[PDB]
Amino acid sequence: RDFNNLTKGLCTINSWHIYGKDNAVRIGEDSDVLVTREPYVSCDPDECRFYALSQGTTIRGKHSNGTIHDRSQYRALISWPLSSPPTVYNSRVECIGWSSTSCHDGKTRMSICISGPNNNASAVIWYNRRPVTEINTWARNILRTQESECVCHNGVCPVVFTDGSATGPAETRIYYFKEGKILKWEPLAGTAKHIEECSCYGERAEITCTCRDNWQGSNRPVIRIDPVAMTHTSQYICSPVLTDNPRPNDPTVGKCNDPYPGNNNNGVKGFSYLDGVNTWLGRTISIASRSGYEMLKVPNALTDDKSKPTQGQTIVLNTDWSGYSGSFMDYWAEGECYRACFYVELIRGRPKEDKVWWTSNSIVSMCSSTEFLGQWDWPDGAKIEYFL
């Protein structure tokens, strides 16, 4: 096997087709499904799998009580076959911890899990299913990373981490790994003022990450990484189509180099594909809560501060719960271009549905089509009353 190189561009995105869906919460009402959150999707050369952070209990288990909580000793990064649910019996543990990323470099997979108390967390970098490198907290305040796949180019897999305040300036670092070893790291540069939970994809030897400004911004910060030079830039999506949550209503002119204000100290992980006219943004439909999900085609969103939608697709109705969302692609597919994909975490339980004592999610995932396909909506599908 050789290291994968990002030699292709994105396929033209004219619509999105259904790729995977696990129905985990429906199925786990009566089967041994692990409680999760922070899911994602990631491909190896021969298989694509679902990933998430387990809470180390089943949904129906008494230990599901309290699983709104983020960072326990009972969490792990797990993977499981595409569109199956994360069960006790089919879930493979990649590493232990409560914040993660993972990617395949074409030879083997790197997985990163962070664990520890808030003031003393550490990353362990796994390569070829063995621990290779460890990184201690630099700011002693919840060292944390992407919660979706990283991307590699010629063996170099950049990863974005943050350590420090979630509601103020923090210390974000881009690490450049190869075979699980640190080649280099850099502090965040450019005009993004706060970075969380980057969602990344690669094309033509450039990695683009769309992140969450949890501090001030309802526009999303974007980091663009050159994995050969091992350098990067940052800015915000210029478009007035604002894509964090919660957020203010859309203005007519956005901000390229500044957080678009109105909402502080909150957000949600999200993603975009930023490719000139072939630009699509995901967001919650609601401006107030993690409900609904839609894709909007917003030509030149990254660079055009008045760019508005020219096309769209509803993924999840506004009357259904959504959650995190992130990018991945099958870098090992056939053909001449990389097909954009994404997932949405469909959160069930607390805090929105507090008649149950748990928090979990299921997954829906879609990839782009060059057709203009009909749209459906893809809810979680579980009846919460069944769990009472």
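The numbering used is simple: start at 1 and walk along the sequence shown.
Undergrad: Which of the two stretches, 299-307 or 105-113, shows the higher mean Cα temperature factor in the record?
TA: Averaged over C-alpha atoms, the B-factors run higher in 299-307.
Undergrad: Averaging only over Cα atoms, indicate whether 255-263 or 143-151 has the higher B-factor in the PDB entry.
TA: Going by the record's values, the stretch with the higher mean is 255-263.
Undergrad: According to the deposited entry, which of 246, 85, 292, 202 has the largest Cα B-factor?
TA: So the option with the highest C-alpha B-factor is 246.
Undergrad: Between 345, 330, 46, 32, let me know which has the highest C-alpha B-factor in the entry?
TA: If I rank 345, 330, 46, 32 by C-alpha B-factor, first place goes to 46.
Undergrad: Within this chain, which third does the Cα B-factor at residue 20 fall in: lowest, middle or highest?
TA: According to the entry, residue 20 has a C-alpha B-factor in the chain's lowest third.
Undergrad: How does residue 67 rank on Cα B-factor within its chain, lowest, middle or highest third?
TA: Middle third of the chain for residue 67's C-alpha B-factor.
Undergrad: Comparing residue 186 with the other modelled residues of its chain, is its CA B-factor in the lowest, middle or highest third?
TA: Residue 186: CA B-factor falls in the highest third of its chain.
Undergrad: Which third of the chain does residue 319 land in by C-alpha B-factor: lowest, middle or highest?
TA: Within its chain, residue 319 is a highest-third residue by C-alpha B-factor, going by the deposited values.
Undergrad: Grab the CA temperature factor for residue 239 from the record and place it in the lowest, middle or highest third of its chain.
TA: According to the entry, residue 239 has a C-alpha B-factor in the chain's highest third.
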